[PDB]
Amino acid sequence: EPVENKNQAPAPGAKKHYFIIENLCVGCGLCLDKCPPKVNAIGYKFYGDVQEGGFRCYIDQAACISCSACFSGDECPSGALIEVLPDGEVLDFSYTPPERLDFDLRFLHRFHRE
Amino acid sequence: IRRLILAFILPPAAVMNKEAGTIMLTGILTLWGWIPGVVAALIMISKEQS
Amino acid sequence: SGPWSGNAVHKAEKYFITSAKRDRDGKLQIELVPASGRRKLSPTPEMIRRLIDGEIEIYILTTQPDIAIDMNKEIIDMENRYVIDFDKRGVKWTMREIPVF
Amino acid sequence: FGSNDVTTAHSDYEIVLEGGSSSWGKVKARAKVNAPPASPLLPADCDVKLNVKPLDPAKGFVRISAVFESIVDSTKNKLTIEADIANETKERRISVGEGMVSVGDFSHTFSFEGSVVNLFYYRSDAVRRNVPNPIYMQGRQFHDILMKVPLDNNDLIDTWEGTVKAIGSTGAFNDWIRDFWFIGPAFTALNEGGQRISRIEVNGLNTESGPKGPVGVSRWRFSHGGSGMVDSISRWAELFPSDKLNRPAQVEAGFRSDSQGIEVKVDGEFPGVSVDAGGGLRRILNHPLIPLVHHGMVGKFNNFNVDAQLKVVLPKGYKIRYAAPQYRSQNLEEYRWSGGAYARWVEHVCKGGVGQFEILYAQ
Amino acid sequence: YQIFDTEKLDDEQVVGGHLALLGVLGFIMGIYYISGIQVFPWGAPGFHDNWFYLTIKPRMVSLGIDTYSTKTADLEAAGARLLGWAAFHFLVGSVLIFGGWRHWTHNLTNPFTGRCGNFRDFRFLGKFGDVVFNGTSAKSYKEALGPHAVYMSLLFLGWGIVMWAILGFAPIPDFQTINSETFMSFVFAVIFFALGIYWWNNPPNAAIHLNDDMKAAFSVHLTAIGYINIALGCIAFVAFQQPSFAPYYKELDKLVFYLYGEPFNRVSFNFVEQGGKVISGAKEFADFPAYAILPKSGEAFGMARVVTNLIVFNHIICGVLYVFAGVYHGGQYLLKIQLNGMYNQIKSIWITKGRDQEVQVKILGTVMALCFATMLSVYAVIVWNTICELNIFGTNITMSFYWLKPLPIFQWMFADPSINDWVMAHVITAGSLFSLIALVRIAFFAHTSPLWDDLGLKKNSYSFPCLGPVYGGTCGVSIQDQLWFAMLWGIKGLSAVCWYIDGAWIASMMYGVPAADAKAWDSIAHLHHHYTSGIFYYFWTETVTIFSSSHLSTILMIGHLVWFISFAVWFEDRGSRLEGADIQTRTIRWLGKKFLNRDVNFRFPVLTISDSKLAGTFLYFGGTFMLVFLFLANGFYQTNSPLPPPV
Ligand code: BCL
Ligand code: BCL
Ligand code: BCL
Ligand code: BCL
Ligand code: BCL
Ligand code: BCL
Ligand code: BCL
Ligand code: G2O
Ligand code: SF4
Ligand SMILES: [Ca+2]
């Protein structure tokens, strides 16, 4: 019994090709600021009457360097900023919340009746 | 009879059956115009359930 | 409770038509993928039911290997508005990166 | 108290009864547990709707329907089953049904004509004569199913081809199939629920033409023996109260499990809640033990304290004599159990306990 | 401004930071105590009166550490007592900062033995932890609540001992003396001991926190402590005006306060400071040395209510700001859990019950409707009272709401119940509702708003100044912007508080004005106390005395500058400022090169819209309330002699 090994655990204490959907861009530019200054692939395209939403965002794929700064920022409010994976799948966000089947739990007697 | 008297002292406790928004409104009513206004709230809602 | 499940900007979960190939010649190569990007699905009849019900929203990108134009059912009377079937409707996302500087 | 890291589980139950000889009951059950579930795909939500209506009262061809919608890790699943069930004999039961199971984009529709024979291992009158409330009844069940699935998608065709290959190429299919369709801890539930499933026997599975294309028709029987723990065997007549079903019965349940807890909501109106013990006394039916043990399989994972309130609403002139554990409150027809012995019993059955709750009530 | 974020710091770092801040605060307390020494222990004259020590002089004299006695004798003793207590605070703060450094650096090694204790596992104080805790909180703030309750029980007990022995106030039940504060110090021990034991054995659960919640728990406790501050302000106002506190707060009026910056004995231009200095010129008031700070009686200054108002408004402003900050930080946590997807996974009423957007919309709509109703009612009452008193449109004061006193069932809260108190209560409710619009927007519409879920947009960055002119403009839609709007809206409720406590007549804008019936309110309403002039004329009356002080005048100018500087950043000007700063950079470049061969290679920085809003709200609040300090520090100037009818 007494013969043992020994040990001490001091726990006890004792490719990417990012794109922008021109349909959904709102021209906020939160992704432009993330683009590296010299790259500046993301640019503004104006149709007219800025308040009517003419201004939009576009990524010049030639200028883009797949640095992921635009998309990884989680800055796109509209979801226009997308990432096409090397095999191919459009990502509107770095991680979308899981889909849920929701219901309001109203108790019977004590807390939230009915 | 328990619900209505508990309401006259604790109206939001009476509307606890109702939605959280109604419960918060009844609590605010206790805070402002305590009893008369909030007692009115509880009696309206409880009589409506009837 | 519905706006906080999935992306809050899409009331109906969005499915991009990423890959489609004419070589298999059946157009089953159409491989829908949700915006989440974790399920390379296919246009099954259940997906058709979801699309007609409005639960989902199938979409097409412009900048891609072409999915199928006039080979996957297409309406060209107006600007093209691709349809899996006349009752279906695949709204094409437009993507103007090449036309603009 | 052993440990201080205890979570909380808040629960409310409601058993409203009907007077007379009726066995009907409105059962509600809300619960909220701040304990991690045991789902490897954790964000698992489900909504079940089981609605049964009576058809052909002479024949008892009552149509039961079930809709299980679910979302598990953002994977949308659904299973719908319609089935005219019928209590042919005291031992036999015959069902003719259809259904549709969908997962994400995949889906397929099936039909079936299945006969279940529940044979008790003994019908001796000594036990019945002496034991007033028999629970552990030893028995066996024989299912004989005739399922049919239109093979529409290539998934179905590939699966059918694989199964046809397997049944003839491997002689141990009847054994390992059990390993298959008791997926994951379900297999454990066989051994710890007192139920032994025998090898299946395929009389014949063979494709045939249908109205929507080829139809894979699988005719197979299997067996399911219960040592007594199995409520689907020991209590067989009480399982199927077709004779006591006149109004439509509906049970809408659901849970909203996630990484932080389980939200549960159940509403129901169905027969079989009240059972005549004898001498005019009635009981809230004996608690099935399979749910208890199968939940205790996921009940003993976290230390918890239960705030459980049961509310029994008996009919107008019905007393509740000998309701042990005893109630805490009473409004002359509405008895509340909360705390004390009842909370201990709730923690007992929320962790696999199969103890008794004898709510004997008078007339 | 985010270097000490909750995420960046762990629990031990927070413990150490709070401990070091307690030590710094003890040093500040010693500084104030020494500032309170009117006469030094060595005999020479001491420091003048500072608001920092005139705020605590009532409490200090309550504890016998200070004295209202006026002879040099026993004031020297009070100064020695204050010096001793300040030295005690200094040394204890040094020890607290040492402990804070050790906890922040995690080097919890005893300097004597070297044993490195574990924040996760540690017996408290030795054997006492074994007797009570039986072992520490292995983890969890929930298991820490009981231990903290026991710690506060020991704090209460220690204060009881200190006041019983050190400060000589034995525990006596009667609540008319400091003695009860000893008695209760023991009472609240047992309570906060027993409850602690309970919460140690039966921990509480709000699963939203406890998990990654330094920000979440911080938000909840900051909102709670803001309401604690508001309650403390109300209690301070009520109690400090009660007779039992008169020996410590009403006796201020009997003293004369030489405060820094007050009027100084002026000297003629032909003045030479040699010897008697009389021959060269004449000082303003003889018998006081030249440039000396002239006495100011507390009777005229009303120092009792001035100090009461300063304490009460300090706690009210701090509490409102803490409520707003708690809602903001809770909104940041809400947005984080919404982005990562935990929002739907929370299983508590504090998050689940408002999960639906319909209930959020209904809540905010009810708040907005109540705000509209109450604001419209109060503003109509006030403007009509102004129309009447000024006799506009042919009206007269008889048509004003002089009859609209608080009901007899609610006049207990108010000494002289009039329309002023009615307008006060309803204005407070309306300002609370207004700020609650923004607070509720933070609480619910942190990641997505019904407009934005319809417009297909989501709020991600929790600080994004906008999303652009899309949809006509998306300015100020982050939770930070809503916090700023909540602060700028609560400015008004807080003002109403200041003006109520300083004696203003907030039921009309022009009370006390020498025009029409503005001076008739006292006769028609049968008021006992002559309220300070109304909302517009209160500025004038209070500035009669603000202008008489060089120091208060300096504050006036500085706070006004700070306030109007806020528009340069809050106004929709950021792009203009950026363009102009590019022009500034080019101007500096070429002008310097022509004037001096050296090149610049430097750019003038322009605040982002997020930082612009941050600084703008900070400046707005700073100016507004640095000037509210003038309102509250001029003097109460509300006499108990009603003004007769104008005719
Ligand atoms: C669960 C334990 C047993 C078992 C016990 C029983 C019993 C007992 C019976 C059947 C019945 C059937 N079984 Mg079986 N069954 C087992 C496994 C199987 C498997 C398999 C997984 O391989 C298959 C294919 C089948 C096939 C079938 C069908 C032939 C038949 C009708 C089902 C249907 O309509 O349900 C429709 C679907 C539902 C009703 C969904 C909910 C199912 C649960 C188990 C019931 C909960 C009831 C709830 C507490 C109260 C509801 C009240 C509402 C008002 C209705 N069983 C296991 C081994 N099965 C019936 C029969 O005899 O048919 C002739 C029957 O009475
Ligand atoms: C080895 C166990 C003991 C025994 C122990 C018990 C106990 C204890 C009880 C009963 C009870 C019963 N016994 Mg017995 N019983 C024995 C022998 C018999 C014989 C016989 C001719 O030998 C018969 C006809 C019976 C008859 C009966 C039933 C009428 C009665 C209720 C049903 C029950 O489940 O039975 C159980 C019957 C069996 C355990 C065995 C029956 C043996 C049969 C007849 C022949 C051999 C079968 C097989 C080859 C080998 C035995 C397998 C065993 C199951 C282990 N017993 C043997 C010697 N029996 C129960 C009671 O009182 O009911 C009111 C009860 O609680
Ligand atoms: C195909 C399935 C079988 C069947 C198999 C079972 C089994 C097995 C059990 C019951 C049980 C009961 N069934 Mg049945 N039963 C069938 C037909 C019916 C019919 C009818 C006239 O058709 C009715 C009205 C009932 C009604 C009832 C009650 C008598 C009893 C539950 C009492 C209680 O209070 O529940 C209150 C229950 C609720 C508060 C919660 C209900 C939760 C959900 C909605 C149902 C369980 C779902 C399960 C865990 C998950 C899916 C299972 C399958 C994998 C699809 N069943 C069919 C023919 N029934 C139980 C009983 O007591 O047996 C003696 C039991 O053990
Ligand atoms: C103004 C309205 C709100 C407010 C709005 C915000 C906003 C907006 C932000 C925070 C942020 C933070 N706030 Mg806050 N918050 C409020 C009240 C509080 C209180 C409190 C007094 O109880 C606390 C403990 C906190 C705590 C915190 C942290 C969780 C976090 C990071 C602070 C730090 O590292 O900044 C580092 C800078 C500080 C130490 C503060 C600045 C003060 C300087 C350093 C003090 C000494 C010098 C001198 C005396 C005074 C300054 C002027 C001089 C001219 C130099 N807030 C007030 C009432 N808070 C930030 C964070 O990252 O959120 C996640 C953030 O963006
Ligand atoms: C009275 C009880 C209040 C409270 C009052 C304060 C105050 C007041 C402050 C903090 C500070 C902090 N609080 Mg706190 N705090 C409470 C409860 C919490 C809880 C919790 C419940 O578990 C948490 C997680 C926190 C979290 C934190 C950290 C963000 C920070 C301590 C780290 C540290 O010092 O960094 C190391 C940083 C240093 C020691 C540098 C400090 C520099 C100067 C001296 C203080 C800077 C801030 C500002 C000037 C203080 C303004 C007060 C206003 C006058 C209203 N608070 C409640 C709500 N807490 C401090 C902080 O950093 O604020 C930004 C701080 O000043
Ligand atoms: C003003 C002093 C500071 C401080 C400064 C120090 C210093 C300095 C050291 C530690 C050490 C430790 N500190 Mg400390 N620490 C403070 C408050 C805390 C708190 C808390 C209750 O919130 C926690 C969680 C801890 C955690 C810890 C432990 C991990 C460790 C002691 C191990 C143990 O078994 O010691 C048993 C005793 C403890 C748990 C200490 C509890 C804190 C007490 C109040 C320290 C008082 C010091 C003071 C000079 C003496 C006055 C005693 C009078 C009775 C008032 N400290 C106090 C408020 N801490 C010590 C060490 O490493 O020990 C091996 C050490 O040398
Ligand atoms: C009441 C005691 C505490 C309190 C304790 C907590 C706790 C604990 C939590 C929050 C949390 C939050 N709090 Mg709080 N909070 C209080 C005061 C406030 C005030 C305020 C100005 O009065 C506001 C605007 C907020 C705002 C917020 C949000 C930032 C956040 C909830 C978001 C959400 O989705 O809610 C959804 C909407 C609701 C649930 C609406 C219904 C309200 C609930 C059911 C309770 C109050 C109503 C009550 C029943 C009224 C009737 C009776 C009266 C008591 C007389 N708190 C006071 C100081 N708060 C959570 C958060 O994430 O913190 C970071 C959290 O964990
Ligand atoms: C004291 C108050 C103010 C200034 C001081 C000032 C100075 C200033 N401003 Mg301003 N401003 C407002 C107040 C003040 N703006 C308000 C209330 C609004 C709301 C509408 C507002 C709005 C805009 C827009 C929209 C734009 C600008 C600019 C722009 C400048 C860049 C170059 C220039 O104008 O120099 C000309 C301006 C001067 C050099 C001013 C001379 C100094 C002084 C005598 C003393 C400074 C006192 C000091 C501020 C107190 C504390 C300092 C210390 C003790 C901590 C620039 C130096 C913009 C440009 O960059 O384009 C030119 C631009 O586009 N504004
Ligand atoms: S005016 Fe300024 S804050 Fe408003 S949307 Fe345009 S850039 Fe943003
Ligand atoms: Ca004043």
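Just so you know, all these numbers are worked out from the coordinates, no wet-lab data involved. A quick note on method: Cβ atoms are made from the backbone with ideal geometry, for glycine too, and the neighbour counts reach across all protein chains shown.
A few points about this structure:
- Relative contact order of chain E: 11 percent, from C-alpha pairs under 8 Å at least 6 residues apart in sequence.
- Cα gyration tensor category, rounded, prolate or oblate, for chain E with a/c compared to 1.5: rounded
- Note on C:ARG38/E:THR109: beta-carbon distance plugged into 1/(1 + (r/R0)^6) with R0 of 41 Å gives a FRET efficiency of 0.25.
- Angstrom value of the Kirkwood radius, inverse mean 1/r, which spans all Cα pairs in segment E:56-198: 17.9 Å
- Under the simplified labelling scheme, the E:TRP590-D:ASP5 pair shows an inter-label distance of 7.0 nm, with each label point 7 Å from Cα along Cα→Cβ.
- Spatially proximal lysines relative to E:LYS283 (Cα-Cα < 30 Å; intrachain offsets below 8 disregarded): E:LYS71, E:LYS254, E:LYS296
- Taking the centroid of alpha carbons for each part, segment D:214-247 and segment E:518-536 are 87 Å apart.
- Electrostatic bookkeeping for D:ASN331 treats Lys and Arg as +1 and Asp and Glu as -1; over the other residues with beta carbon under 14 Å from its beta carbon, the sum is +4.
- Comparing Cα centroids, segment E:291-365 and segment E:440-456 end up 21 angstrom apart.
- Order of D:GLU113, A:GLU83, B:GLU48 under a 10 Å beta carbon neighbour criterion, fewest first: B:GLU48, D:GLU113, A:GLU83
- Sorted by Cβ density within 10 Å, fewest first, the residues A:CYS25, A:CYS67: A:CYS67, A:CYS25
- Per-pair calculated FRET efficiency, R0 = 25 Å: A:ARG110 and D:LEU42 via Cβ, rounded to 0.05: 0.35
- Segment C:11-101: GluC sites (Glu not before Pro) in DSSP coil with no more than 12 other Cβ atoms inside 10 Å: C:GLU79
- Under the simplified labelling scheme, the C:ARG89-D:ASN154 pair shows an inter-label distance of 3.1 nm, with each label point 7 Å from Cα along Cα→Cβ.
- Beyond 17 Å, the tail of the calculated P(r) for chain C holds 54 percent of the Cα pairs.
- By definition, a body whose alpha carbon gyration tensor gives a ≥ b ≥ c is oblate when a/c is 1.5 or more and a/b is not larger than b/c, and chain A fits this oblate description.
- When the convex hull of its Cα atoms is viewed from all sides, segment D:5-363 shows a mean projected area of 19.8 nm².
- Relative contact order of chain D, defined on C-alpha pairs under 8 angstrom at six or more residues apart (%): 22 percent
- Set of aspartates and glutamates near A:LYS16 by C-alpha distance (under 20 Å), chain-local residues within fewer than 8 positions excluded: A:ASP33, A:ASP60, A:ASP74, A:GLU75, A:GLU83, A:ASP87, A:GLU89, A:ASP92, C:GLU31, C:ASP66, C:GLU97
- Under 16 Å from the Cα of D:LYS311 - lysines, other chains or at least 8 residues apart: D:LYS26, D:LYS28, D:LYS265, D:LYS319
- Spin-label model, D:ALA166 to D:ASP179: label points 7 Å out along the Cα-to-beta-carbon direction sit 1.1 nm apart.
- Global form of segment E:511-647, assessed from the alpha-carbon gyration tensor, a/c cut-off 1.5: prolate
- Cut-off 11 Å (backbone N to label point 7 Å along Cα→Cβ of B:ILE35), residues of segment E:391-420: E:409-410
- Residues with amide H under 5 Å from that of D:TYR322, placed H, sequence gap 5 or more: none
- Segment C:32-69 versus segment E:200-214: alpha-carbon centroid distance in Å: 43 Å
- Stretched out straight at 0.36 nm per residue, the stretch from D:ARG92 to D:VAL313 would grow longer than its current Cα-Cα span by 76.1 nm.
- Here E:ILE230, E:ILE279, E:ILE349 are placed in order of increasing Cβ neighbour count within 10 Å, fewest first, which gives E:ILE279, E:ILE349, E:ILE230.
- Environment charge at C:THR94 (Cβ cut-off 14 Å; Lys +1, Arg +1, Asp -1, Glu -1): +2
- Counting every pair of alpha carbons in segment E:1-72, the share spaced more than 14 Å apart comes to 70 percent.
- Over the protein assembly as shown, DSSP H runs of length four or greater, each weighted -39,500 (n - 2.57), average out per residue to a 222 nm ellipticity of -12000 deg cm²/dmol.
- Other-chain or far-sequence residues with amide H under 5 Å of E:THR639's (modelled H): E:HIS530
- Rh (Kirkwood; distinct C-alpha pairs) - the protein assembly as shown, Å: 37.7 Å
- Inter-chain Cβ neighbour average for residues E:472-480, partner chain, 10 Å: 1
- Residue-count net charge about D:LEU360 - beta-carbon cut-off 10 Å; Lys, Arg +1, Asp, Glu -1: +3
- Only beta bridges with both residues in chain D are counted; by DSSP, about 90 percent of them are antiparallel.
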